[PDB]
Amino acid sequence: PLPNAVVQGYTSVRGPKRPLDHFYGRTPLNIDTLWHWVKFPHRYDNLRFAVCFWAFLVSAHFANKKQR
Amino acid sequence: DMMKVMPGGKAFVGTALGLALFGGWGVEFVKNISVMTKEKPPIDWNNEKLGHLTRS
Amino acid sequence: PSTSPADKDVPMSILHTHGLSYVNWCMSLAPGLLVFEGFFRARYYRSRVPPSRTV
Amino acid sequence: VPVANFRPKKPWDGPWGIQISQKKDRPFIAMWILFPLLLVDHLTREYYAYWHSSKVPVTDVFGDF
Amino acid sequence: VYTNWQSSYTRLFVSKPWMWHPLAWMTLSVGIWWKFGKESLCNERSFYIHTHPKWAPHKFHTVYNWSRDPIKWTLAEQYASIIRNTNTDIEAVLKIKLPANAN
Amino acid sequence: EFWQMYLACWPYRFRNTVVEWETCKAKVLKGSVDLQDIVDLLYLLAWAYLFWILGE
Amino acid sequence: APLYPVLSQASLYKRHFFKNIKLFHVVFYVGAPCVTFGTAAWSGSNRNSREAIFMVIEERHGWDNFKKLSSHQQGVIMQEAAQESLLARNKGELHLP
Amino acid sequence: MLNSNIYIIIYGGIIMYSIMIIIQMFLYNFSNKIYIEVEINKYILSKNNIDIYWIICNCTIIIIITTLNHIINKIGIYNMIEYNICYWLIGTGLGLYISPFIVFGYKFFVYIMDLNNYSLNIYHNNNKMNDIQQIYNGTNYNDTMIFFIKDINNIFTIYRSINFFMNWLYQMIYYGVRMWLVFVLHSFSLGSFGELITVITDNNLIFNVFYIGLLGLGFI
Amino acid sequence: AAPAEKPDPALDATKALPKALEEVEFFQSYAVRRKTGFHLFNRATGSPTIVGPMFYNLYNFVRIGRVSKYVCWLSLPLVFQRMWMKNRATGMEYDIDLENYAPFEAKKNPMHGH
Amino acid sequence: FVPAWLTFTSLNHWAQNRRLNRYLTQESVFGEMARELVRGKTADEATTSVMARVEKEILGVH
Amino acid sequence: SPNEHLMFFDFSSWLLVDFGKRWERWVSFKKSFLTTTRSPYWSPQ
Amino acid sequence: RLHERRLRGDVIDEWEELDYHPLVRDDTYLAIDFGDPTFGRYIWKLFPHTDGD
Amino acid sequence: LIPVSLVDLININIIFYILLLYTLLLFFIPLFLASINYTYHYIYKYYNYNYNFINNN
Ligand SMILES: CCCCCCCCCCCCCCCC(=O)OC[C@H](COP(=O)(O)O)OC(=O)CCCCCCCCCCCCCCC
Ligand SMILES: CCCCCCCCCCCCO[C@@H]1O[C@H](CO)[C@@H](O[C@H]2O[C@H](CO)[C@@H](O)[C@H](O)[C@H]2O)[C@H](O)[C@H]1O
Ligand SMILES: CCCCCCCCCCCCO[C@@H]1O[C@H](CO)[C@@H](O[C@H]2O[C@H](CO)[C@@H](O)[C@H](O)[C@H]2O)[C@H](O)[C@H]1O
Ligand SMILES: CCCCCCCCCCCCO[C@@H]1O[C@H](CO)[C@@H](O[C@H]2O[C@H](CO)[C@@H](O)[C@H](O)[C@H]2O)[C@H](O)[C@H]1O
Ligand SMILES: COCCOCCOCCOc1ccc(C(C)(C)CC(C)(C)C)cc1
Ligand SMILES: COCCOCCOCCOc1ccc(C(C)(C)CC(C)(C)C)cc1
Ligand SMILES: COCCOCCOCCOc1ccc(C(C)(C)CC(C)(C)C)cc1
Ligand SMILES: COCCOCCOCCOc1ccc(C(C)(C)CC(C)(C)C)cc1
């Protein structure tokens, strides 16, 4: 279906690929290495519960007053 | 006809010259083959009355 | 001149959406991305083996 | 005496290699800014005509109108 | 070391027909629209074909609403703006009596 | 097990509401607000906007 | 004694984040939000149900009168229109031409 | 006013959708380069190979990119662009059509303008009268009193020079129309079968269930 | 004319099918599963299904994703939205006058054009 | 090319000059428009000035 | 609908161009360019 | 001198490293200007002991 | 069908698409050409002129 050149990636000679840099002494920085810096929110979860309650309540209050 | 086959772009010159001179009339002729048989109205010849206007 | 009529400004709400079928959702090709993202990630990050010690 | 086939750089020698690298990775940087902009351009869009629309958005390009 | 790659885009373009190809493509497409698509579709005299269900199916996401006629009122607003910018008399056209090419 | 831990976790949540609020106030006044704090606050504001719509 | 504008280690560390992308890292990561919130699933469903809704409304009630009503009754009539269109009682319950 | 000739163009989402087609070319990085290398070296040997090669590569990769954007990145134009005939004729076919005329246009033009001087081609033309006929009369054939119809002859001869460049245009149009029909008809047929299945299952909610599977049908 | 070129192995086709089978084998390697927690409803005959024993592979790959496994499900509630609205519409009571005056997508309506 | 270029350009220039001179002495609508333009007037003003005469004398305005 | 998927309704507006006015202004620019430069008739301009 | 930096753990750009091979940097830049990214048969003709390798 | 239309045959919108696409292509050609081959490295390393000297005796 396809010639061997397309599969192996070269017609005659296999060219050397420059390897990937590492940046010794620190973590890799890639699109997939970002969870090292940004975990899921874990610090303000209970504050999230409180603020969700208060937001619901205040919205309901002002909406009911407006409607009435 | 003997300049057409000469070198130095004379083939292009001959072709373009034949086009510009007679090939346009040939295009018109080909367009007119399907016009000769068709019912066409009388030609509304210009009365040559409209356009005259005194200067001022 | 340039215009910006109010006919284009209309109400919007996700509640009024008809939606999709199970078949149309399968045709949306999300289930394909779901698998092949992991497939290609696995192929790329598993091609490059690190050094080791055989136990 | 100096070594032959060597000289100082000149303006017509072009930029250095690190500068060419900085030129190369500009599309890769603008990718991160443009793909979200593409998604925002699609998501924050509104159709321009409806069955009820008496008008359609017009854009006079040269202000002739 | 001098290269048109890094020092002259013009000489690079001149030295590579595969750089001329997209430009010729663009010019040809625009010429095609100018010759064929311009007057038949985009002109005001030829813009109602977009209301056709056979040649322009669902150009407005639906069948064209003729009771509403968005084209008519859009273009009428624009012509009115032209008239106000030009200060032309609406009723001056009705005072005309064209002759006939008699005989 | 989940029911028992859900019950037992309510005192922790009600106790740490005030703690998290005070730490957020201190970080906002002091300005010592970092990336993870910003992400948590954005998640917070998203859920708060949802619950605002819900309360409406 | 490098004569060129030597680039710091951290600047290269940051540029590597941008130039070390692979094709799948773009394709799937941008296709998931796109396929979900695109012309297929969400944005398409919304924006194409709106057309049928307002066609039904302007045919049955009118756009001006609809504009005069409340947001609640607006939504009620919109939902009724969405149901009428999804049903497609005249097309034999088939969304085809 | 009289002098005001007004034209209406319909403008939509073009800029941001065309930018990313080009930005993706850095990611693909011409993965099709080896295939077109192989094929071009199969089909021609000249100094101007690389030129035509580059052209095809660009054209081809754009097609590939659009196809994947048509399959995966479904927004706005990327869905219609493969279902539109203008893209398949002018957006894919015209470039491939004009590529050899842009690379080998000198030779083809010289050939075409020489073929207007229509003549019979002789192999091992060691004849002497052939030369006199070609120079004096212009052609091997008898051109006596053909000037009498020169008006048509010119234009006809022009076609006689390009008739062997015309099947390329025909094949380009044919395969553009083929791709358009394939995409459109297969999408329509698949969607139609899906809608019929949904009609069968919506009226029978015992079957309105993920009966093949959430990922199985989608993966297939 | 008579160049006498030797055969180029790169122009042969002896690697494409092996490479595709290598990719498919890498895919199927992730279908290996432990005996614990295994259950698959077979057909009524007792024979296995087609899609059944090839769900573990797909979901083992979903496990490895990063963004699609948390996003591509958000279009699924829309399916249930349709399931509910369709049943709402199957028996919706409507005014006869509006249906006769403004039928939706009915043929021969001159206000549409035909 | 230089003599040919000068010949072509100058012959066409003098042809256009002759054309304008012939139009100016022509007792017609186009002659009037050409005259009004040679005075130093604007295109729009001259069109209006000539059409005001066309509507009256030629078309016979209501 | 399937046909609904074969539709491009991502339009934004209608660009209105008075080609007569644009041609008039182009000709005016040409005249202004030729007068300001004081260019002769034998010039390529 | 560049390898001294590489041994210290410093990352060198692909083009920064080429500048430390100036004679190859020039021929590589000209090959880019010409626009022929192919390679392999030139090595097999100049060094026929590599033919087929 | 919708795509079966003469309006979509010479659609100026797709022509704008093609125009912007290939103008951007032209703008970015000098970055597509910026891939390095390692052939002149090979030539520098492996090209070895004959270093033997002449000795008549
Ligand atoms: C009854 C209603 C339906 C059922 C109940 C509600 C749905 C509950 C399911 C969860 C919520 C679904 C939200 C639906 C919103 C919607 O309708 O979606 C459609 C809308 C557009 O619809 P309209 O244009 O018609 O208004 O789009 C949005 O909501 C914007 C969402 C932004 C998503 C960004 C995700 C980024 C992920 C990170 C990827 C990083 C990679 C790089 C890319 C930049
Ligand atoms: C080797 C296989 C040989 C057998 C060939 C069988 C024919 C296969 C044709 C594949 C091409 C069909 O092309 C595909 O069509 C479907 C169905 O409209 C489109 O699907 C899209 O439109 C449909 C129409 O309702 C929506 O419901 C769906 O949500 C959306 O994804 C895809 O976006 C397109 O990619
Ligand atoms: C089967 C019926 C007949 C039809 C046959 C043709 C089907 C073609 C469609 C499948 C195409 C697969 O296309 C595949 O693309 C990848 C790109 O990642 C190519 O990959 C190639 O290029 C990359 C870089 O770009 C090289 O690093 C790699 O070594 C090489 O394999 C594959 O060689 C090719 O096989
Ligand atoms: C970015 C994509 C679009 C790029 C478009 C650029 C196109 C450039 C080519 C312009 C072609 C010039 O072609 C010129 O067009 C104008 C209209 O404009 C024609 O002009 C004709 O129509 C206009 C109005 O419609 C009349 O006012 C005028 O008296 C008449 O001659 C000219 O007879 C023709 O010579
Ligand atoms: C504590 O604060 C938390 C966030 O509060 C932000 C409040 O934002 C105000 C939002 O205002 C509205 C109000 C109504 C709506 C509608 C009715 C349009 C939403 C809808 C259609 C989803 C019901 C949208 C936004
Ligand atoms: C029958 O085949 C079905 C599989 O097709 C899935 C289509 O995927 C779209 C593109 O997916 C990719 C993603 C990345 C790649 C690689 C990893 C080769 C990219 C590369 C060359 C940058 C490393 C190849 C294909
Ligand atoms: C019946 O169909 C047979 C057609 O065969 C097609 C063969 O193409 C296989 C393409 O799939 C790939 C993809 C990537 C790769 C590799 C692993 C070489 C990619 C790389 C360069 C990123 C490591 C190899 C093969
Ligand atoms: C890019 O190319 C990769 C595309 O490959 C896709 C292959 O899809 C088929 C995989 O589906 C299966 C089929 C069978 C099986 C298992 C059921 C092999 C059979 C078993 C586990 C009973 C031995 C698992 C997954």
# chains A, B, ... in the order shown; residues from 1 in each chain; ligands from 1

$ residues_around --residues "residue 28 of chain G" --least-positions-apart "4" --cutoff "6 Å" --atoms "only C-alpha atoms" --output "PyMOL selection string"
(chain C and resi 37) or (chain G and resi 24+32)

$ write_last_selection --atoms "N, CA and C atoms" --output "PDB file, in the first residue's frame"
ATOM      1  N   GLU C  37      -6.497   9.703  22.540  1.00  0.00           N
ATOM      2  CA  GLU C  37      -5.614  10.542  23.340  1.00  0.00           C
ATOM      3  C   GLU C  37      -4.689   9.682  24.184  1.00  0.00           C
TER       4      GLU C  37
ATOM      5  N   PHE G  24      -0.408  15.201  18.891  1.00  0.00           N
ATOM      6  CA  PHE G  24      -1.559  14.748  19.664  1.00  0.00           C
ATOM      7  C   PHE G  24      -1.863  15.691  20.818  1.00  0.00           C
ATOM      8  N   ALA G  32     -11.267  17.852  22.279  1.00  0.00           N
ATOM      9  CA  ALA G  32     -12.243  17.519  23.315  1.00  0.00           C
ATOM     10  C   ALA G  32     -13.157  18.696  23.632  1.00  0.00           C
TER      11      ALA G  32
END

$ residues_near_ligand --ligand "ligand 6" --cutoff "10 Å" --atoms "only C-alpha atoms and all ligand atoms" --output "ChimeraX atom specification"
/C:32-33,35-37,39-45 /G:20-28 /H:26-31,65,67-69,71-72,219-220 /I:20,23-24

$ write_last_selection --atoms "C-alpha atoms" --output "short mmCIF file (atom, residue, chain, number, x, y, z; two decimals), in the first residue's frame"
data_model
loop_
_atom_site.label_atom_id
_atom_site.label_comp_id
_atom_site.auth_asym_id
_atom_site.auth_seq_id
_atom_site.Cartn_x
_atom_site.Cartn_y
_atom_site.Cartn_z
CA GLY C 32 -12.81 8.19 19.67
CA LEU C 33 -10.80 11.04 21.13
CA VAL C 35 -9.48 6.40 23.56
CA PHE C 36 -6.91 7.73 21.14
CA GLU C 37 -5.61 10.54 23.34
CA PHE C 39 -3.31 5.62 22.92
CA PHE C 40 -0.98 8.21 21.42
CA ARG C 41 0.20 9.47 24.81
CA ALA C 42 1.03 5.89 25.77
CA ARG C 43 2.87 5.19 22.52
CA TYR C 44 4.97 8.35 22.77
CA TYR C 45 5.81 8.11 26.47
CA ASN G 20 8.16 20.71 22.98
CA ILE G 21 4.54 20.17 21.91
CA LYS G 22 3.60 17.06 19.95
CA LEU G 23 0.78 16.76 17.44
CA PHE G 24 -1.56 14.75 19.66
CA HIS G 25 -1.00 17.24 22.50
CA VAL G 26 -2.78 19.78 20.30
CA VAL G 27 -5.20 17.53 18.43
CA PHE G 28 -6.91 15.79 21.32
CA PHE H 26 4.73 23.43 12.21
CA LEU H 27 3.34 20.47 14.17
CA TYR H 28 2.86 18.16 11.20
CA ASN H 29 6.17 19.45 9.79
CA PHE H 30 5.49 17.89 6.38
CA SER H 31 5.10 14.26 7.40
CA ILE H 65 -4.81 19.15 7.89
CA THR H 67 -9.41 16.59 6.74
CA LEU H 68 -8.32 16.08 10.33
CA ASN H 69 -9.83 19.43 11.28
CA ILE H 71 -12.94 15.01 11.49
CA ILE H 72 -11.82 16.27 14.92
CA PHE H 219 -15.08 3.79 18.62
CA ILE H 220 -16.29 1.66 15.71
CA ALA I 20 0.24 -1.44 11.40
CA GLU I 23 0.42 -0.60 16.40
CA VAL I 24 -2.59 -2.91 16.74
#

$ residues_near_ligand --ligand "ligand 8" --cutoff "10 Å" --atoms "only C-alpha atoms and all ligand atoms" --output "JSON, numbers by chain"
{"C": [35, 36, 39, 40], "H": [216, 219, 220], "I": [19, 20, 21, 22, 23, 24, 25, 26, 27, 28, 29, 30, 31, 32, 33, 48, 49, 50, 51, 52, 53, 54, 55, 56, 57, 58]}

$ residues_around --residues "residue 20 of chain A" --least-positions-apart "2" --cutoff "10 Å" --atoms "only C-alpha atoms" --output "PyMOL selection string"
(chain A and resi 17-18+22-23) or (chain G and resi 16+20) or (chain L and resi 11)

$ residues_near_ligand --ligand "ligand 3" --cutoff "6 Å" --atoms "only C-alpha atoms and all ligand atoms" --output "MDAnalysis selection string"
(chainID A and resid 1:2 6:9) or (chainID H and resid 31)

$ write_last_selection --atoms "C-alpha atoms" --output "PDB file, in the first residue's frame"
ATOM      1  CA  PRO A   1       0.000   0.000   0.000  1.00  0.00           C
ATOM      2  CA  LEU A   2       2.764   2.427   1.008  1.00  0.00           C
ATOM      3  CA  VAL A   6       7.291   6.368   4.106  1.00  0.00           C
ATOM      4  CA  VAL A   7       7.081   3.801   6.898  1.00  0.00           C
ATOM      5  CA  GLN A   8      10.707   4.011   8.012  1.00  0.00           C
ATOM      6  CA  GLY A   9      10.719   7.789   7.513  1.00  0.00           C
TER       7      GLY A   9
ATOM      8  CA  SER H  31       5.097  14.258   7.404  1.00  0.00           C
TER       9      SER H  31
END

$ residues_around --residues "segment 19-36 of chain E" --least-positions-apart "4" --cutoff "8 Å" --atoms "only C-alpha atoms" --output "PyMOL selection string"
(chain E and resi 13-14+40) or (chain H and resi 55+90+94-95+98-99+102) or (chain M and resi 10-12+15+18-19+22-23+26)

$ residues_near_ligand --ligand "ligand 1" --cutoff "6 Å" --atoms "only C-alpha atoms and all ligand atoms" --output "PyMOL selection string"
(chain C and resi 14-15) or (chain D and resi 35-36+43-45) or (chain G and resi 29-30+33+37+42-43+46-47) or (chain I and resi 74+77-78)

$ residues_around --residues "residue 51 of chain L" --least-positions-apart "3" --cutoff "12 Å" --atoms "only C-alpha atoms" --output "list in words"
residues 12 and 13 of chain A; 8 of chain I; 40, 41, 42, 43, 44, 45, 46, 47 and 48 of chain L

$ closest_residue --among "C:19, C:1, C:51, C:38" --to "ligand 2" --atoms "only C-alpha atoms and all ligand atoms"
C:19

$ closest_atom_pairs --of "chain H" --to "ligand 4" --cutoff "12 Å" --atoms "only C-alpha atoms and all ligand atoms" --output "CSV"
residue,atom,partner,partner_atom_place_in_ligand_line,distance
H:1,CA,ligand 4,27 (O),11.7
H:2,CA,ligand 4,27 (O),9.2
H:3,CA,ligand 4,27 (O),6.0
H:4,CA,ligand 4,24 (C),7.1
H:5,CA,ligand 4,25 (O),5.1
H:6,CA,ligand 4,25 (O),7.7
H:7,CA,ligand 4,25 (O),8.7
H:9,CA,ligand 4,3 (C),10.9

$ decode --residues "segment 19-44 of chain L" --atoms "N, CA, C and O atoms" --output "mmCIF file, in the first residue's frame"
data_model
loop_
_atom_site.group_PDB
_atom_site.id
_atom_site.type_symbol
_atom_site.label_atom_id
_atom_site.label_comp_id
_atom_site.auth_asym_id
_atom_site.auth_seq_id
_atom_site.Cartn_x
_atom_site.Cartn_y
_atom_site.Cartn_z
ATOM 1 N N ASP L 19 26.591 27.293 15.488
ATOM 2 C CA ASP L 19 27.522 28.402 15.336
ATOM 3 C C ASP L 19 28.929 28.017 15.765
ATOM 4 O O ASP L 19 29.905 28.599 15.280
ATOM 5 N N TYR L 20 29.055 27.050 16.664
ATOM 6 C CA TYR L 20 30.349 26.516 17.058
ATOM 7 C C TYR L 20 30.888 25.489 16.069
ATOM 8 O O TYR L 20 31.931 24.883 16.334
ATOM 9 N N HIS L 21 30.199 25.280 14.950
ATOM 10 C CA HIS L 21 30.710 24.522 13.811
ATOM 11 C C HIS L 21 30.556 25.419 12.586
ATOM 12 O O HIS L 21 29.672 25.209 11.749
ATOM 13 N N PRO L 22 31.397 26.453 12.464
ATOM 14 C CA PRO L 22 31.084 27.532 11.515
ATOM 15 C C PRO L 22 31.095 27.108 10.062
ATOM 16 O O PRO L 22 30.278 27.594 9.272
ATOM 17 N N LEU L 23 32.005 26.218 9.681
ATOM 18 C CA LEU L 23 32.094 25.814 8.287
ATOM 19 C C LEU L 23 30.884 24.988 7.879
ATOM 20 O O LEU L 23 30.417 25.079 6.740
ATOM 21 N N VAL L 24 30.362 24.185 8.803
ATOM 22 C CA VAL L 24 29.140 23.437 8.553
ATOM 23 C C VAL L 24 27.920 24.334 8.697
ATOM 24 O O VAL L 24 26.896 24.103 8.046
ATOM 25 N N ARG L 25 28.001 25.353 9.550
ATOM 26 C CA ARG L 25 26.900 26.293 9.705
ATOM 27 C C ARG L 25 26.606 27.011 8.400
ATOM 28 O O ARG L 25 25.444 27.266 8.069
ATOM 29 N N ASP L 26 27.647 27.337 7.641
ATOM 30 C CA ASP L 26 27.454 28.058 6.392
ATOM 31 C C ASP L 26 26.798 27.171 5.348
ATOM 32 O O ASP L 26 25.778 27.539 4.757
ATOM 33 N N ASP L 27 27.371 25.992 5.113
ATOM 34 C CA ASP L 27 26.813 25.072 4.132
ATOM 35 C C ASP L 27 25.409 24.628 4.511
ATOM 36 O O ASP L 27 24.582 24.366 3.632
ATOM 37 N N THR L 28 25.119 24.540 5.808
ATOM 38 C CA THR L 28 23.776 24.181 6.246
ATOM 39 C C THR L 28 22.793 25.314 5.993
ATOM 40 O O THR L 28 21.637 25.069 5.633
ATOM 41 N N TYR L 29 23.231 26.558 6.178
ATOM 42 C CA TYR L 29 22.360 27.699 5.929
ATOM 43 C C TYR L 29 22.073 27.869 4.448
ATOM 44 O O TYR L 29 20.983 28.310 4.074
ATOM 45 N N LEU L 30 23.036 27.535 3.593
ATOM 46 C CA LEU L 30 22.826 27.643 2.156
ATOM 47 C C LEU L 30 21.909 26.544 1.652
ATOM 48 O O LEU L 30 21.097 26.768 0.750
ATOM 49 N N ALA L 31 22.036 25.343 2.214
ATOM 50 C CA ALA L 31 21.103 24.273 1.901
ATOM 51 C C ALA L 31 19.684 24.646 2.288
ATOM 52 O O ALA L 31 18.727 24.204 1.644
ATOM 53 N N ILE L 32 19.529 25.453 3.334
ATOM 54 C CA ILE L 32 18.214 25.943 3.713
ATOM 55 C C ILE L 32 17.729 26.988 2.718
ATOM 56 O O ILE L 32 16.548 27.021 2.360
ATOM 57 N N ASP L 33 18.624 27.872 2.279
ATOM 58 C CA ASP L 33 18.249 28.885 1.302
ATOM 59 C C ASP L 33 17.800 28.252 -0.006
ATOM 60 O O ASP L 33 16.859 28.735 -0.644
ATOM 61 N N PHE L 34 18.458 27.172 -0.426
ATOM 62 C CA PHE L 34 18.051 26.514 -1.661
ATOM 63 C C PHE L 34 16.677 25.877 -1.515
ATOM 64 O O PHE L 34 15.864 25.919 -2.445
ATOM 65 N N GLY L 35 16.401 25.280 -0.361
ATOM 66 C CA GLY L 35 15.099 24.714 -0.094
ATOM 67 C C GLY L 35 14.943 23.263 -0.473
ATOM 68 O O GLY L 35 13.861 22.868 -0.920
ATOM 69 N N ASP L 36 15.990 22.455 -0.307
ATOM 70 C CA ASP L 36 15.959 21.022 -0.591
ATOM 71 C C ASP L 36 16.265 20.287 0.709
ATOM 72 O O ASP L 36 17.440 20.072 1.045
ATOM 73 N N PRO L 37 15.252 19.896 1.484
ATOM 74 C CA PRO L 37 15.509 19.226 2.762
ATOM 75 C C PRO L 37 15.875 17.755 2.654
ATOM 76 O O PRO L 37 15.966 17.086 3.687
ATOM 77 N N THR L 38 16.086 17.235 1.453
ATOM 78 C CA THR L 38 16.413 15.834 1.275
ATOM 79 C C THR L 38 17.901 15.592 1.508
ATOM 80 O O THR L 38 18.724 16.509 1.469
ATOM 81 N N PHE L 39 18.236 14.331 1.759
ATOM 82 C CA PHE L 39 19.604 13.947 2.066
ATOM 83 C C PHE L 39 19.718 12.433 1.976
ATOM 84 O O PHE L 39 18.725 11.713 2.102
ATOM 85 N N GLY L 40 20.942 11.969 1.742
ATOM 86 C CA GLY L 40 21.277 10.563 1.829
ATOM 87 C C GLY L 40 22.025 10.007 0.638
ATOM 88 O O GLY L 40 22.934 9.193 0.806
ATOM 89 N N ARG L 41 21.665 10.442 -0.567
ATOM 90 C CA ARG L 41 22.353 9.967 -1.760
ATOM 91 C C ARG L 41 23.639 10.735 -2.006
ATOM 92 O O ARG L 41 24.559 10.213 -2.645
ATOM 93 N N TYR L 42 23.711 11.970 -1.519
ATOM 94 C CA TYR L 42 24.947 12.734 -1.587
ATOM 95 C C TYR L 42 26.043 12.061 -0.780
ATOM 96 O O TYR L 42 27.207 12.034 -1.192
ATOM 97 N N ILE L 43 25.684 11.502 0.373
ATOM 98 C CA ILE L 43 26.645 10.771 1.186
ATOM 99 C C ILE L 43 27.054 9.482 0.493
ATOM 100 O O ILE L 43 28.206 9.046 0.589
ATOM 101 N N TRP L 44 26.119 8.854 -0.215
ATOM 102 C CA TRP L 44 26.388 7.578 -0.856
ATOM 103 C C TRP L 44 27.209 7.723 -2.127
ATOM 104 O O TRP L 44 27.792 6.735 -2.584
#
